[PDB]
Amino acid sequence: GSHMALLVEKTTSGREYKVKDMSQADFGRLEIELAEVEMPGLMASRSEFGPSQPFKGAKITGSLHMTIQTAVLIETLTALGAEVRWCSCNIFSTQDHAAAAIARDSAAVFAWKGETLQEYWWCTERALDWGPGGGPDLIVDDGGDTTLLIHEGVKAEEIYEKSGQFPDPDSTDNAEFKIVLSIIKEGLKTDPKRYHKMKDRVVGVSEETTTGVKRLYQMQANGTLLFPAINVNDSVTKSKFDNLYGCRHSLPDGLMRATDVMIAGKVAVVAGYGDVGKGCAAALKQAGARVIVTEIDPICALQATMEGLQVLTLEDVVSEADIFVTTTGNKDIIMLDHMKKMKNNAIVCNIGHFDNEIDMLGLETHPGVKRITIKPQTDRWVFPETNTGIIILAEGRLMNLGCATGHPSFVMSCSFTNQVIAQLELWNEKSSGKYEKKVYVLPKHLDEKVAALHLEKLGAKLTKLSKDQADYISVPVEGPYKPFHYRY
């Protein structure tokens, strides 16, 4: 094979991995130990469920961003008896010391910060490739790439089984999808029933993020979804916490690490005002920026105005603003056309799941443009027309994870305790038909439980309803406390 072939390494115990630097394991462990204290829902899950080993025999593939927080999640799964293989769901989001500690101590991990796209897809394939004993039984996904690979893999395998044909990247004009089809092609040479076996064994997927869940609904709508899915993003204790308060923390962190720019006194544009945009706008306003929101949804627009934020189209503000943040989960928000109008050293970043919110393709092909790397994940692109630049963060990829460390532990404990519950539910319920090849959410009493598990850490003292009071508001003393449609 190739001089530069990607090859798995093995620990002294024989577990596969590929990480940046295994010498970083001790440092990873140190920060993991700190995180544990900040993640009471995960630690409570270990205490409650560890002894009964509910995941005994289960094989779990995950793609949550390979951070210290994810490390605590992984080690909760393993504490509960799972065997685990992991990759990151973005080329820039891995924390190398986290990856090293997990590789050393707990799970197969294929992840490093600064992957090429070919490396990224290879790592995804590896995390899914359990070899002859088969697997996974369970998938934890963030953004849907792992789920996509499986669905596209089954499709390719069907064509191969019927007609002998391999995928051909020439068939697509999308550069990344060419890589995907190439991975699949090569994988047919090693195990051309890989994905069919998986299709038959996988109990379900638990999906972390808004973009991933949109993809799940597309597959359900078109009748292609192969196994049950739990939508973790839309737990209240996920969407209304991680997406909002997480970003309120990690947006400014990414800006400050990447650029050190003063936010106070600047004009910042936030495209989108969903959960992520709300948290980003909040951080920016809190820091002393004057925040302008773009929106397509009149309800979200009206919310922004109630918070004292101006709502305009991008075109209205492109020449004036200092910082741009895309939060939409859509595509084509900041185009080359917009970039050409920006002031010198305008900062352009994306915090939505995929980089196509920003027109990186257009930028890279703009005649005469010059990319000057300031430092990793801070790039100044100089427009020749003006001899002025724009500062792109993380090549348009999720800026919080790419330029900083993403969300903090405490809020990730809320998201990831939902993940643990979701995994437990899929595994425990596998032999009714509680779950069809459809998208489900966790029940409210479990959503409430996640919150309840995090109150003591913060010293929050909850009031107990009397029986009379609970009757009066039509709820049980132990909850759930809100109607099905409650929005919080």
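For every residue, the number given is its place in the sequence shown, counted from 1.
Open item on the list: If you take the mean CA temperature factor per stretch, which one wins between 47-55 and 27-35?
Closed with: According to the PDB entry, the answer is 47-55.
TODO: Quick one: say whether 176-184 or 299-307 has the higher mean Cα B-factor in the deposited entry.
DONE: Result: 176-184.
- [ ] Name the residue from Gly389, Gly134, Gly279, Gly143 with the greatest C-alpha temperature factor listed in the entry.
- [x] Answer for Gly389, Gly134, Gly279, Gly143: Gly134, with the highest C-alpha B-factor.
- [ ] Could you say which of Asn356, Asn222, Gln377, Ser250 has its CA atom at the highest B factor, as listed in the PDB entry?
- [x] Answer, based on the entry's C-alpha B-factors: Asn222.
Task: Cα B factor band for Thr190 (lowest, middle or highest third within the chain) - done: It falls in the top third of the chain.
TODO: Pull the Cα B-factor of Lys199 out of the PDB entry and bin it into the chain's lowest, middle or highest third.
DONE: For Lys199, the deposited C-alpha B-factor lands in the highest third.
- [ ] Quick one: classify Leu128 as lowest, middle or highest third of the chain based on its Cα B-factor.
- [x] Its C-alpha B-factor belongs to the highest third of this chain's values.
TODO: Just say lowest, middle or highest third for the CA B-factor of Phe166 relative to the other modelled residues in its chain.
DONE: CA B-factor rank for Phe166: highest third.
TODO: Going by the recorded CA B-factors, say which third of the chain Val411 sits in, lowest, middle or highest.
DONE: It falls in the bottom third of the chain.
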